[PDB]
Amino acid sequence: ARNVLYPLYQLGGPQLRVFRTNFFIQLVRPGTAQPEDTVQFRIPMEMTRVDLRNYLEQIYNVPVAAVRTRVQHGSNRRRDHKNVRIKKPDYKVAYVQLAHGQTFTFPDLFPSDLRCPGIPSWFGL
Amino acid sequence: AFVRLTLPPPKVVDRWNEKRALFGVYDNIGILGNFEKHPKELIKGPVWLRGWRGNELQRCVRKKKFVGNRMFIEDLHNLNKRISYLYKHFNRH
Amino acid sequence: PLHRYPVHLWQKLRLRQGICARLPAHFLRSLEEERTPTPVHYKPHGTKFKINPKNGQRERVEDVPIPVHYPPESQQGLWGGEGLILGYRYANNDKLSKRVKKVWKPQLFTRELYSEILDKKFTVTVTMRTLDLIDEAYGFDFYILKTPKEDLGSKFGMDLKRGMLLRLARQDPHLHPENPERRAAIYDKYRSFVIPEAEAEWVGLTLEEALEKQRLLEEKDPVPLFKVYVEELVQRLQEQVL
Amino acid sequence: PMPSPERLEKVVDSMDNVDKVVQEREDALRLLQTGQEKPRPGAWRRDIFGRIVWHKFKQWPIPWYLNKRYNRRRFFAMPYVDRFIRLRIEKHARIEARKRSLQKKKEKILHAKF
Amino acid sequence: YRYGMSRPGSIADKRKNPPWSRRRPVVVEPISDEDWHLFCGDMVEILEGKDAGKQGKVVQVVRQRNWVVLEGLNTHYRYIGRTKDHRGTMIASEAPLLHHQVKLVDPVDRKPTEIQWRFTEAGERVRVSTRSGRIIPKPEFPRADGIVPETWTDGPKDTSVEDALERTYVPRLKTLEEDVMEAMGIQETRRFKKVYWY
RNA sequence: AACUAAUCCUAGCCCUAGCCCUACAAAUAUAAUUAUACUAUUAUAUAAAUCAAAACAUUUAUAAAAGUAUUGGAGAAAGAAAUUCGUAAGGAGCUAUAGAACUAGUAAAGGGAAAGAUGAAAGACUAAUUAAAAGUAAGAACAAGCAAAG
RNA sequence: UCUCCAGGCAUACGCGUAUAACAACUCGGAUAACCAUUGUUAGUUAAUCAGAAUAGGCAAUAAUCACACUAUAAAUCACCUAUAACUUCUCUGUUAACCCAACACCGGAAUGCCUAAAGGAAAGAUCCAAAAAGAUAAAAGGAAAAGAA
RNA sequence: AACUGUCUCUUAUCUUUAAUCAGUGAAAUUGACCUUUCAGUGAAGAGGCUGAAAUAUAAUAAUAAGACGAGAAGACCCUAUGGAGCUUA
């Protein structure tokens with residue numbers, strides 16, 4: 002869950018449970034060359050890789066072997082008509098390697134007469 | 032310079048409207064009203080100059096007295112500085 | 002634009018509105034009333050008439066009070082109306098002499114006074130004038146109680162007055178502990194200043210303290226709407242039974 | 127292009143509607159048991175600029191009195207803010223005066239147009 | 019920003035009202051929600067215009083400009099499909115009509131009768147003709163998406179009609195989080211220690 | 001009928017009147033905007049001078065009586081009273097070099113801009129209007145000369 | 001492929017998408033080509049690289065291959081005794097020909113490695129003017145070699 | 001002192017510049033000018049006045065020796081029964 006307050010933990014405190022998840026993730030075709038078992042995901046910047054591991058394992062029942070995550074800086078060079086810099090939203094790219102020997106491949110989404138010119142053909146005259 | 036390339040629309044004005052028609056009425060209130068109410072009493076406008084006239088310095092000084100307590104702090108300081116210039120110009124030149 | 006009320010009336014409006022209105026009437030009267038402190042360093046004109054310059058005729062007179070500075074240390078002490086006079090002096094008391102920047106200092110002291118009501122001796126900053134007033138007051142406790150705030154010129158003294166007034170008001174056994182017979186004599190001796198407990202609490206309280214105190218008095222924990230609906234439901238059901 | 131983009135909007139509307147319904151049930155029970163209109167403790171506090179703003183209380187492992195940093199945080203207005211308060215009142219009056227000027231110019235064209 | 023026939027925010031609207039445009043604003047007489055009586059699908063008679071006196075059904079209403087658009091009326095001619103290979107085909111293009119340029123039509127008698135707004139027994143506001151008083155019912159307009167609700171057939175991920183209408187909530191003193199625990203049997207015995215909120 | 005250009009009317013302002021007032025999440029004073037401990041925590045002096053006294057030094061304002069008496073390097077100036085008296089939206093303003101600096105406080109204290117123009121409809125192919133500034137072109141020049149005059 | 005040139009590569013600091021592909025050829029490069037410009041899309045993957053308990057008791061002798069050897073310029077928490085806690089891998093940085101000098105500046109810019117295996121092109125074309133600037137060469141002479149006062 | 005193209009005494013080649021083609025494109029400046037020579041006049045003084053003389057139009061390419069060149073409040077020194085400021089015991 003993002004943009005929400007999480008309880009502070011003290012010794013002996015309750016285990017943290019998120020009953021409803023506000024994290025929304027997008028599976029993206031690998032821009033770079035990656036192993037087939039590896040899967041790329043665009044995820045909220047506040048999500049941890051453990052959260053993704055728990056997220057995939059619990060919500061989607063997907064076995065995960067390894068996870069690698071990177072933060073892509075959003076370009077701020079672009080400027081509007083007022084010369085005010087426009088910042089691309091920063092997104093986090095997560096490389097997830099499947100377990101159990103599973104492999105992944107991105108699906109193929111989106112698989133007048135010439136002799137008489139100047140007189141309109143309408144004229145019979 | 033250059034001038035407009037289009038003519039403005041014609042305008043018609045009524046000279047017998049109530050305001051123009053009744054302009055000046057009751058101006059003889061004092062003479063015809065037994066002088067109970069002076070025509071100066073009929074003046075409506077800024078408080079400090081109702082029935083009163085004076086030079087710019089006098090008008091400014093009277094304005095300060097009438098609404099000095101009800102004026103803004105920034106305006107009061109500006110008025111004080113403006114009064115200084117007016118006082119020197121009239122009273123020393 | 003122009004404010005309908007002058008700036009000085011803004012303070013009056015604030016006092017007349019909000020929690021200020023909700024303040025106790027007795028305390029509000031004490032704050033609203035102003036009593037002039039007893040003159041010490043200047044005397045008002047003995048005669049009410051003098052010669053007007055422009056007309057050269059006898060005219061009514063006005064009084065110019067001398068500026069006297071009372072430092073906050075006086076509010077932490079018990080000064081008998083004495084104060085620091087800050088200004089300019091003409092040397093040798095002749096206008097023809099030089100003007101010298103002068104700060105006039107009344108002789109200040111720290112002394113101990115015994116309070117029968119509080120059964121304790123308090124060491125406090127005091128002036129010789131206060132000591133004479135205490136003797137004239139027939140006791141230190143009398144001076145604190147008898148003297149008004151302005152003449153007393155002491156926040157601590159007013160605070161002492163607050164404690165003394167409350168002690169008298171409640172007939173608290175704290176006075177002269179282990180001596181109930183002696184306690185009654187002190188209360189009888191200072192019976193004149195016995196007042197309602199509510200008034201005594203607010204005597205000498207500062208404006209910021211009074212506002213916070215009133216806020217603390219009126220602050221109340223949020224009502225659980227379950228309880229509110231229970232009371233409302235019972236009332237309607239009880240009315241229905243009728 | 128994304129096929130049937132309205133699908134995403136419909137789901138978000140469904141998801142948003144779910145949250146308010148769940149929040150409504152939580153809000154109703156919270157009010158009954160405690161009477162609090164806000165899930166998180168809070169109060170109105172004065173900042174150093176003299177404004178009155180709702181301050182949401184934060185849970186700490188230590189108390190405020192032993193939390194020197196919390197005491198270091200300023201919830202009090204300085205004496206000089208009185209001038210700013212007068213300016214704020216004057217600024218509000220100026221805005222209303224400018225608003226009337228804005229209306230007057232609009233009125234002129236109404237006469238010109240009609 | 020001058021409102022035009024082009025929908026606000028469209029490419030035509032952006033060209034119509036570019037960021038730097040400061041044209042002399044066009045003043046439109048404000049009309050209250052109660053005052054306004056023209057709605058899409060309403061049969062109205064054009065008081066003045068190209069097709070003045072021809073009754074038509076409203077299809078678009080730009081209330082900001084007090085404009086009512088009648089399909090196939092107030093029509094000028096433009097070319098569709100203009101290209102290099104072909105000159106193009108002439109088509110009908112409608113122009114906006116101001117509110118004063120149209121009037122509502124009494125159903126029984128086809129005339130431009132002035133109307134006054136009045137409530138009914140159900141409480142729904144209905145226009146009543148000032149003369150020959152009669153109720154002009156609100157016209158029926160098809161859904162913008164073109165979907166007739168009943169005719170619609172559930173596609174993938176679409177709950178059946180009965181499922182949506184079913185009510186399963188039982189009033190109880192438990193939140194969703196608490197109720198979820200009971201159904202799935204989540205139990206937590208650990209307790210947070212005292213926290214000083216401030 | 002020529003290129004460069006030019007054209008326009010509202011963006012709004014200004015002064016009085018009236019009116020006082022009492023109306024997302026997340027993060028933050030730590031290093032503000034850093035999701036939880038550290039380290040206790042905090043504004044404000046006569047208003048002055050400039051200035052006037054042609055310098056400069058005491059000094060220099062900021063309803064009638066009356067700018068009078070008094071006060072003052074008696075000079076620049078300052079200046080009472082007594083005693084009478086006191087009921088209660090508009091513009092012979094501005095219209096893009098004007099009017100608020102403003103379309104805008106936008107593009108270290110602090111400083112602080114530039115500009116826009118069709119029509120009823122652009123779900124009518126975006127409007128016209130002008131021998132109209134200087135600058136140029138159409139159309140370089142022809143012994144002799146403040147360039148014009150007779 | 002040929003002719004020729006010879007400070008190259010990492011990190012720090014700074015910059016913040018200037019990175020790359022595609023599409024454009026108007027503006028930006030102090031002119032073009034070509035892009036560093038314009039638009040679109042992609043990118044930088046970390047348990048290992050980098051950044052983000054307490055109370056007492058008690059410590060003489062530099063280094064220099066530390067030995068000898070001397071010296072003066074004077075240069076070295078630990079560990080014990082108790083108390084307390086009791087099973088952990090997330091978060092963040094990672095691109096680039098990049099930064100400070102108004103600039104694709106000529107200089108400014110910390111450290112390690114290494115000196116070509118790394119890194120590069122002086123020639124917009126034509127002509128072979130004079131004059132001017134730099135460099136090389138001198139028949140005979142030698143201020144009209146580097147020594148003295 | 002020698003040494004050498006520094007010079008007696010200059011020459012030659014290479015590079016830069018130079019010249020031509022194409023692309024791009026400033027700055028100080030600017031009353032208007034149909035912008036001559038000689039003698040005179042004048043304030044040291046004339047393309048423009050007086051009197052002589054010369055003169056198709058338009059373009060194009062070269063050089064800085066002298067007029068002890070034109071000049072400024074540049075440079076330099078000294079003065080005051082001149083001012084004003086400063087230090088005081």
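Residue numbers (the entry's author numbering), protein chains in the order written: chain U, 2 to 112, 133 to 146; chain i, 32 to 124; chain X, 2 to 243; chain Y, 127 to 240; chain V, 19 to 216.
Note that CB positions come from ideal geometry on N, CA and C, so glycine has one too.
Neighbour flag for residue i against chain Y, beta carbons, 9 Å
i	result
V:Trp54	no
X:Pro2	yes
i:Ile104	yes
U:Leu57	no
V:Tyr97	no
V:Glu184	no
Under 9 Å from the C-beta of residue i: neighbouring residues of chain X
i	result
Y:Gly161	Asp222, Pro223, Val224, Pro225, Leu226, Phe227, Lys228, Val229
Y:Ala223	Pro2
Residues that residue i contacts on chain V, provided the C-beta gap is smaller than 7 Å
i	result
Y:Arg214	The contacting residues do not exist; Y:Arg214 stays about 29 Å from chain V at best.
U:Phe20	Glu195, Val198
U:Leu6	Correct list: empty, because the minimum Cβ distance to chain V is about 12 Å.
Min CB distance residue i to chain X below 9 Å
i	result
Y:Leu228	no
Residue environment, residue i, which counts as buried when at least 16 other CB atoms sit within 10 Å
i	result
Y:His218	exposed
V:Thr101	exposed
V:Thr177	exposed
X:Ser155	buried
V:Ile165	exposed
Backbone secondary structure at residue i - three-state DSSP
i	result
i:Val78	helix
U:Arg80	strand
i:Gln89	helix
X:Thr126	strand
U:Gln73	strand
X:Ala138	coil
X:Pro181	helix
X:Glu60	strand
U:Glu37	coil
Y:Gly168	strand
Partners in chain U for residue i, counting only beta-carbon separations shorter than 8 Å
i	result
residue 224 of chain V	Because chain V spans 19 through 216 in this model, residue 224 of chain V falls outside it and cannot be assessed.
Cross-chain neighbours of residue i in chain X, by beta carbon under 8 Å
i	result
i:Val98	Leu3
Y:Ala219	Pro2
Contacts that residue i makes with chain U (C-beta to C-beta distance below 7 Å)
i	result
Y:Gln149	By Cβ distance, chain U contributes nothing, its closest Cβ being about 11 Å from Y:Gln149, past 7 Å.
Beta carbon proximity, residue i to chain V, threshold 9 Å
i	result
Y:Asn143	no
Y:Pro189	yes
Y:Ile235	yes
U:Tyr61	no
Partner residues on chain X for residue i, Cβ-Cβ distance less than 7 Å
i	result
i:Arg101	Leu3, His4, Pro7
Closer than 9 Å to chain U by CB, residue i
i	result
Y:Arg166	yes
V:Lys32	no
V:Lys211	yes
V:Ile204	yes
Contacts of residue i in chain Y (Cβ-Cβ under 7 Å)
i	result
V:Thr193	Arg151, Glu152, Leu155
Chain i contact for residue i (CB, 9 Å cutoff)
i	result
Y:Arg209	yes
Whole-angstrom C-beta distance between residue j and residue i, which should lie under 8 Å
i	j	result
V:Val86	V:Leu115	5 Å
X:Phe110	X:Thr128	6 Å
X:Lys99	X:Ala92	5 Å
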